[PDB]
Structures are given as structure tokens and as C-alpha cells.
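Chemist: Structure here, sequence nowhere to be found:
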Ligand SMILES: [Zn+2]
Ligand SMILES: [Zn+2]
């Protein structure tokens, strides 16, 4: 806290409730606790409990439901810390707000007693800051890829952690670029931009730095291995949903979202801006190389049949 | 020698002179004594010896010449085995054919007493199956690159030691050829293309094998699975004693080309070397399909 004399004081405060966000087991506990919250909301909406039970609860009623349906309701939801995706037995769940509000888990950006709005297309359900789309490759195999706002992902990469030398900041960028190639290869702008970053940063500069805070980060991109090679590793070889394990040989064979989706998730695809950026992008790459010096560079941008 | 019975007999024969080509020291002996032939032939053209000396040798005249001139004349010539380049002190050397002929060293493709034909232009002189041209790079540094007829260069690559030979082994051999062309004939447009294409069609793990040339001047440096640019910078810049500035070159796009006309005037850059070069990716893809499920990279595309 700022002191009234030009310097800084540190207060010492206490309290009982709330979760410290940097406890060793915040993720686990928040998951378990939020599972419980959703499991209760399920009960209210099915009819197992009602506002009466806030006063004198019908405990045998909830314990039967768990004995008889708990295991099944558990598999109806994805819960990661404080985020969920819930697929209830029917949409009474929308109106089921009593025990949710009573437990204090007040929903974001909606009236306290306003019905919850749902989705019938899973490709529109948000989870862990992403949406997920299904792509079919040139060989007929399906991918389901995580998508995100292009401007949100570039913008975090433009933020520097000062005192970071030209090498340390180049390495941080390779981290972002490598990651974009694992997870957002299906975004034209980002494949281009990540391929350019890898063509502008030395081959043997190992990447460093935090690219995401999600606990679903592989970090599999903080290697200096070939990025296609790691792609096949995660999307095909180690992917438990890929029955056929035939590796893909060139980036020209890794799919893209449909162009409509690209633009709609805030792609520059279309404008004279993106068009002229894509043209003159090697000039940018050469500047970064000259900035960095006599090191070993390789050319990954051109392997876009360009 | 074939026998008259449907088989083959093996003759044991002897003789005194000539050189066994396989002897451990053919190169050094054929080199040393061809130095001597040419040192002699210099002497005749210079007036040190005449035909008269075949009978009455004026030894002190030749001993004087070696003493007063040997070390200088030694540097006037390049001698590899039976091949030479002589820069004599003047053009009398072209008629100096006695002794050259008396020593039995007959000249190929010329009348026994017909004057030799010389070259004013060092870039037009043949040595070790090559001409040598001077190239300036974009950064102003100069190279002197070896050159050889493309068709002879490719034709030797396009032939194989034999059947009973795998697809993997025949691939590996092709890598060795293509990677060598990248070291030494990168300045040829077609060879640069065909060399990169080969490198794009053959697995990155496959080490090259076989002999791409017999020359006693082949670095051998190409039978690696190192980056070819990485070796190119080594041999043409880092380890090149003739290279004062050692800034490394970053991309094939920066390695120069013969002047366009020398390229076409040295055997395809023609209507058909447009169809070929345009659709060469189809070729690479076919080859990768034959080879199957290995790790290929794309080196042709770093050519634009
Ligand atoms: Zn999306
Ligand atoms: Zn030439």
C-alpha cells in the first residue's frame, strides 16, 4: 500500500474464508468444490431438492439420488477449477438458481435470478478460454482443435515480462510462436506469424518464458525439436483419439479452419492490412535477424509453398 | 579371357614397363615424373636443350637451368598425376615437341608434331575435368568455383553400380550425388534445383553412401547428414584460406549463380527445363512415396 511519505508500507491483514489463489492445491480443491456446487444445482433442477430444504433439508432424498445417479451425473460435466461445462438431464437446470445463489456462486454478467442461457452446439460451448472446432484433414482423419480470439493471443505475446536483452526477448517470442503452431495452426494469421517468428529466431535458441497460465498447457513447444515433429507427436502419435497413426509430412497437409470461421474469430484475413502484412513479412523477419546477429537461421515461412 | 567352352579362363602374364593403376603410389609417382616431363619440355622450348641433346646431352646446361631457375619454374605449373597446366616463360613451348615425343608422352587429339594450342584466359583452361570461373557474391566477396559439363555431371549420377540393389541404397547414393553438386556446382541453376530436390526426396536420417567421383581432389565433405549450407559455409568461407572475411552466409538465396549465359553455354535453363523445373515437386512426391514413411524436409522451397 502506498505510504503518505513517498515510499511504500506493507499491511498485515487476516481473514477466514476465500481461497488464496496461489495455494499448492487451489486447482484441485476448486475442482472438487465446484463439482459439488454443480452436482447440487443438478439436484435442484431435477426436483430432488427445493427452496424448502434450505430450512429443514430432506437429507435421505439427496443420499438416494447420489446412490442411484451420482456416478452418471458425474460423467455429464467437464470441470476444471472454477470453469465447468454441464450437460444436465433437461433444461430445468436454467431456472435452478436457488441453491446456486445461496452458496454464493453468483453467475457472471447476468441477473441474479435471470435464467441461464445454454447451447445446443458443442462447438459453441466455451471452456478454459477456448472453443473447439472439428477439422477434417486432407486424408480424412478428424481433428478437434482449440480456438481463441486471435487478437487476444497476439496481444499477450506483445507484452514483455524491462532488463530483457534482445536474446531473452527473442527466446520468449519463439515460445509463443512454437505454441501457436501446436494449438492454433488452423488460424492462417497465426501459422504465418509463428512460422515467421521461428524463421527469425536462431535454430538453437531454446525457448523460455510463460506463454499460458492454463493447467492444460502441454508446454510441449518449449523444445528446440522440429515443430512439425512435435505436431505429429501430440496430434497423431500420442493422441488417443487417432486410430490411424500415419504421420503428416508437410505443413501444407495440416488443415485450417474454414475461412469464414477464421475472419469471425477476429482474423485479419480479408483486409488490405493482412494482405499487405503477409506480403512484406520477410522484410520484418530479416530485420529481426540483422537485429540478432550472426547466428544460425532456417527458413520455415517458405514451406507454405511460398 | 572368355573360354571356348561356355565359361572363362584367367591368364597369368608378365611385362616390364607401364604403371599398375592400383599401386599404392601411382598418384605420387605419376605426379613426380610428370613434373619432370614438363620441366624437361619447358627446357626444350626455352633453348636449354635441342634435339641434338638426345645423342650428345649438354648436361651442364640443364644443371645450370635447374640451379638458376628450377624453383621458379616449379611454380609455373600445376601437376596432378598425369594432368598439368603449364605457364611457360613464353610461347616457344607450343612447338617444343621433341623429347615430349621421345619420352613417349604423346599428346591426345593432336598430330605428333603439330603445335600445341594454348589459352590466354585462365578461366578457359581445363584442369582435373573442370574449368574454373570467378564469381562475385552480393556482399562483394569473390569465389572461384569449379565447373564441369552438366550432362556429364548428371549422367554419371544417373547410373548405378548394379541390380540386386535396394530402394534405400539407391536413394542413399542419390543423396551423395545431390549433396556433392550443392557443394561444388551450386552455381549452376539446374544442378542447384536438382540437388535440392534430391535432398527433399530422400530421408533426413539416411546417411549418404557410395562414390560420387574418383578425383584425388574430392573433399568427400558431402557424405554427411549435416546441413548442406552448414558445410558450404565451412568449405567456402570458414576453412577457405583465400577468404579474408568470414561472415557466414545465411541462406541459399545468397549463394551466387554463374552468369546466365555461361550456364546455358556449358550444357538447360530451353523450353523443357521450364516444364521440368515447374513440375519437379511432383517428382519429389513420387520418390517419397516409393521410400515410404520417413522424415522428409523441403529444401526446394528455400529457393524463391
Ligand atoms: Zn474459433
Ligand atoms: Zn563453366
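Modeler: Happy to help now that I have it. Numbers count the residues shown, from 1 in each chain, chains lettered A, B, ... in the order given. Ligands and ions are numbered 1, 2, ... in the order given.

Chemist: From now on I want contacts and neighbour counts done on CA atoms only, so please keep to that.
Modeler: OK.

Chemist: Helix or strand for the residue in the stretch 1-150 of chain A that chain B sits nearest to, just tell me which one.
Modeler: Nearest to chain B in the stretch 1-150 of chain A, going by Cα to the nearest Cα, is residue A:139, at a distance of 14.9 Å. If you go by DSSP states H and E, residue A:139 is not part of any helix or strand.

Chemist: Residue A:199 now?
Modeler: helix A:188-200.

Chemist: That helix: what's the following helix or strand?
Modeler: Past helix A:188-200, the next helix or strand by DSSP H and E is helix A:227-232.

Chemist: And the contacts of the helix or strand just after that following helix?
Modeler: Per DSSP H and E, the first helix or strand lying C-terminal to helix A:227-232 is helix A:259-264. Here helix A:259-264 makes contact (Cα atoms under 8 Å, 6 or more residues apart in numbering or on different chains) with A:187, A:188, A:269, A:270.

Chemist: Find the nearest non-adjacent residue to the second one, please.
Modeler: Spelled out, that is residue A:188. In space, residue A:188 comes closest to residue A:256 once its chain neighbours are excluded; the distance is 6.9 Å by Cα to Cα, 6 or more residues apart in numbering or on different chains.

Chemist: Give me the buried subset of the contacts of helix A:259-264.
Modeler: A:187, A:188, A:269 (16 or more other Cα atoms under 10 Å in any protein chain shown).

Chemist: How about the contacts made by the second one?
Modeler: For residue A:188, the set of contacting residues under the criterion of Cα under 8 Å, 6+ apart consists of A:256, A:262, A:269.

Chemist: mind checking how far it is from chain B?
Modeler: 19 Å (Cα to the nearest Cα, to the nearest Å).

Chemist: What segments of the stretch 1-150 of chain A are strands?
Modeler: A:77-80, A:83-86, A:131-136, A:142-147 (DSSP state E, counting those that start in this stretch).

Chemist: ok, back up a step: and the residue nearest to residue A:188, backbone torsions?
Modeler: Here is the backbone geometry of residue A:256 (degrees, to the nearest 10): phi -130, psi 160.

Chemist: I figured it hits residue A:187, correct?
Modeler: Yes: in this structure, residue A:256 is within contact of residue A:187 by Cα atoms under 8 Å, at 6.1 Å.

Chemist: so how far is the host helix or strand of residue B:133 off the chain centroid?
Modeler: Here residue B:133 is covered by strand B:131-136, with elements defined by DSSP H and E. Here the centre of strand B:131-136 is set off from its chain's centre by 14 Å, with Cα atoms, centre = their mean, to the nearest Å.

Chemist: So what touches that strand?
Modeler: B:122-126, B:142-148, B:256-258.

Chemist: Beyond that strand, next helix or strand please.
Modeler: Next along the chain after strand B:131-136, taking DSSP H and E as the criterion, comes strand B:142-147.

Chemist: just checking, what packs against that next one?
Modeler: In terms of contacts (3 or more Cα pairs under 8 Å, 6 or more residues apart in numbering or on different chains; DSSP states H and E), strand B:142-147 is packed against strand B:131-136, helix B:167-184.

Chemist: helix or strand right after it?
Modeler: helix B:150-157.

Chemist: How about the secondary structure of the closest residue in space to residue B:186 that isn't next to it in sequence?
Modeler: Closest residue to residue B:186 in three dimensions, ignoring its sequence neighbours and counting by Cα to Cα, 6+ apart: residue B:192, at 4.9 Å. Three-state call for residue B:192 (DSSP: H, G, I helix; E, B strand; the rest coil): helix.

Chemist: So what's the gap between stretch A:58-78 and the chain middle?
Modeler: On Cα atoms, centre = their mean, the centre of stretch A:58-78 falls 30 Å from the chain's centre.

Chemist: which other residues reach that stretch?
Modeler: By Cα under 8 Å, 6+ apart, the list of residues contacting stretch A:58-78 reads A:39, A:43, A:48, A:49, A:84, A:85, A:86, A:87, A:88.

Chemist: Could you list the buried residues of that stretch?
Modeler: A:62, A:73, A:77.
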